[PDB]
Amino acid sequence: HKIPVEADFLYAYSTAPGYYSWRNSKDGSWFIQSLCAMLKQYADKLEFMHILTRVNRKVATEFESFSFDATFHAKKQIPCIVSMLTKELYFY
């Protein structure tokens, strides 16, 4: 009875590998702000992987960057859930 030392870690990344992560200077980053909003609505209702999926949806659909520089304008973001969990995770 051994388990991997890398088992039971979970990495909730704000963005996809190789990508910028976007932050709003008044209301906070898209990810943390979407993650708190989904955790407040669904922590008593959904397993954490499904809360994180809704965070992906919210960040992907509700956010788009603004820049006078066109290279950085109208840009998007998808968070990236990296799970080595061996079980389901509920907060209730």
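Counting begins at 1, following the sequence as shown. Basically, rigid core = biggest C-alpha set you can superpose within 1.5 Å across the two forms.
- Superposition on the core shows that, in 8 other deposited structures of this protein, the C-alpha atoms drift more in one of 65 to 73 and 6 to 14; this is 65 to 73.
- Per the PDB record, of the two stretches 37 to 45 and 50 to 58, 37 to 45 carries the greater mean B-factor over its C-alpha atoms.
- In the deposited entry, the Cα temperature factor of residue 30 sits in the bottom third of values across the chain's modelled residues.
- Among all modelled residues in its chain, residue 13 ranks in the lowest third by Cα B-factor.
- Sort the chain's modelled residues by C-alpha temperature factor and residue 24 lands in the middle third, per the entry.
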